[PDB]
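The data below hold one chain only, encoded as structure tokens and taken in the form solved without the partner chain.
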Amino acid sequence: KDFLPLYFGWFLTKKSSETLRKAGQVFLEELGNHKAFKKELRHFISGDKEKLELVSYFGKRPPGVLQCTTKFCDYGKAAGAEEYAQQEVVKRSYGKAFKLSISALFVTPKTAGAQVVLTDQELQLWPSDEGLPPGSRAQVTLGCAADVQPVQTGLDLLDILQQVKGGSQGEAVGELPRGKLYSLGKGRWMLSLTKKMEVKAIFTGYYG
């Protein structure tokens, strides 16, 4: 038996990764500057030379190219890993190029990320291990706070998408070049892009 990757996912191309990463940074710089954000600072961090630099706050960022993870396998140790990797669709798609659609950027006290909206064919690659449809958790992580783990970004996203589903999104508290800014409370923020970003990526396995 040959062992599996650390994980499967869509790995963005150099160009797409650079584009998204840069858009992510601009958003953190813009957000940290926004009046509506500075007002809610107490809900973002507990601690207290007045401005918070969000780029600094999300002090852990992906070292290489950005990526959208499907199944964490831990070389076969993760539950369902073998079952996921044995699927025809996974084996067929391995090394194939895809286009991912980014619909929004979001920030919480724990993570910063980009929401990915998967096509139906891409959803075939989403593992099957709430009231939101499958694949809602899909995202690209842009940054995390010092003690936060990668799995958190997907959780943060779902929590945001639930707030939207319930109509607690609210009126846009601002307008950024790329879209409307929304305050969901508890340090949560979302930029709904006027125009969805398309990024190119390759579906494959990372071995560490």
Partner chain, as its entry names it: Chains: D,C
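Residue numbers count along the first chain shown, from 1.
FYI, the form solved in complex with the partner chain isn't displayed, but the following is about it.
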| query | Among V26, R42 and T108, does every residue place a heavy atom within 4.5 Å of the partner chain in the deposited bound form? | reply | no
| query | So in the deposited bound form, does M190 come within 4.5 Å of the partner chain, heavy atom to heavy atom? | reply | yes
| message | Given that the partner chain is not shown alongside this chain, does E88 nevertheless sit within 4.5 Å of it in the deposited bound form, heavy atom to heavy atom? | response | no
| said: Whether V164 contacts the partner chain in the deposited bound form should be assessed with a 4.5 Å heavy atom distance threshold; does it? | reply: yes
| query | Any chance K186 has a heavy atom within 4.5 Å of the partner chain in the deposited bound form? | reply | no
